[PDB]
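As a starting point, one isolated chain is supplied in structure tokens, in the form deposited in one PDB entry.
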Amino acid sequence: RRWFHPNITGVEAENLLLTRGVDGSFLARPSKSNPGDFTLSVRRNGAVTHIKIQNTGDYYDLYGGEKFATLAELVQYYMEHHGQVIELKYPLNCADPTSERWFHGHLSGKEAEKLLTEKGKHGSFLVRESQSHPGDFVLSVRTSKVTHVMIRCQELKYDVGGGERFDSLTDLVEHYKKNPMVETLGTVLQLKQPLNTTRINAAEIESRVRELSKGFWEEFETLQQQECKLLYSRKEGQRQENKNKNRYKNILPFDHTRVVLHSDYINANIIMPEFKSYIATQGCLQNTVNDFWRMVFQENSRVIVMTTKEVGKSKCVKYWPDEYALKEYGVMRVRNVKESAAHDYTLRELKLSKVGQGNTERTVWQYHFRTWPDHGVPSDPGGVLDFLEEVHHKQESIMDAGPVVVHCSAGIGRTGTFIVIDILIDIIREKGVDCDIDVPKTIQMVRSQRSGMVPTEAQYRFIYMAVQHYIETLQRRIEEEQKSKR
């Protein structure tokens, strides 16, 4: 993601496009006028146009245009499709390495070495600012030893002391990743993966949250710089016969992880924790109700998680019948047995069966979350955690249960937040308080299965807050089992 510039103004973007760019040149930058949103600065007829990209929480909405899952999918679309006519021809690469995984800057010699010893493995690397020589940089690689390679900045160009000269540190790292440096003793300085700083033991969660609260925006931006690596094919969703099956024509499921209906299409993806499964799907459309019940039956889904409220826009269509009423959705029959109302949710006991087959009947428990706000995320994660614990205990109670169907609007915002929290809290529930948990790495893993899961920093912070809250209730529980009470 070279076209994204994290620390530039609107005026700086115009100068960089007029002096170092041409007609068709472009870049992406965070909106300083409205935090959270983004701006697409494109050069046309020797003039710079700034187009607003609204990050609503559910999608990336181009002002007076189309809606997308990620900023990378927006850029990828306009570089090969029509239209705006404004053209996205040449991506203007960023010299700023601040948003990269491997960059640290603030780090020192002994500090980088201590982090590489415990957190690192063979091939772990980092780029830090030089202490003894201001302006220069240091590349520290683990291989079993830690090797330091100086990066000299000579006239805005970077080099290791010999060879090619690069415009940016990202260009230096990317080149030596493909062509690795050879040590004098025949050792190979492999740049396999950057040093993991985000990986933390679930006991030091409160301390990490404290650090990011003074932080969170820096960590989430680093994760957003990885969305170019998740540009998998979405051809099945692009089909003419599948266009109206999509709520948003560009937020499409990945072909390798999509749910194939054995008329085989549905905007849904199977989420597998690649280190309980989930079906991350969009909000039901009036023409996709039949396809939804085909998916629940085929995949043997027993728990449905509705993250959108019942009560001025449509996010999900009533795919279930009224209490005590029975409905036929093509070949599938749904019977609403009982509706249980809690303050945060509504539990609907639905009986799904194939028409003409009584033996195929199973109980599908639909959990309808209502307390979620119209705009933004709640500050207290207690309500969501009590809901997910109830969802997990219902899922665990059923013997032959398939994936948990989770849906919102585009099936990427709330769906992504609810799935990631449930994955992370499942590790803490099974492996106890002492276990390794990585928030952005879990999101990136979920993101490789469905386009842009967890699109906002507020939703990213909410996961950290929900994980911290869940560990605290667990810690208080064990402490209470040891408490003298009367």
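All residue numbers are counted from 1 along the displayed sequence.
Just so you know, the form solved in complex with a small molecule exists too; it's not on screen, but the next bit is about it.
- Screening 177-185, 192-200, 294-302, 161-169 for residues having heavy atoms within 4.5 Å of the small molecule in the entry with it bound returns a single hit, 192-200.
- When you look in the entry with it bound, the only residue of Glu87, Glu349, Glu219, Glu113 with a non-hydrogen atom within 4.5 Å of the small molecule is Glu219.
- Residue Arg101 is the only one of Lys245, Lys327, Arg101, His392 with a heavy atom lying within 4.5 Å of the small molecule in the entry with it bound.
- Contact check for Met272: no non-hydrogen atom falls within 4.5 Å of the small molecule in the entry with it bound.
- Although the partner is absent here, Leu223 is a contact residue: one of its heavy atoms lies within 4.5 angstroms of the small molecule in the entry with it bound.
- The small molecule is not drawn, but in the entry with it bound it has no heavy atom within 4.5 Å of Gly452.
- At the 4.5 Å threshold, heavy atoms of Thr49 stay clear of the small molecule in the entry with it bound, well away from it.
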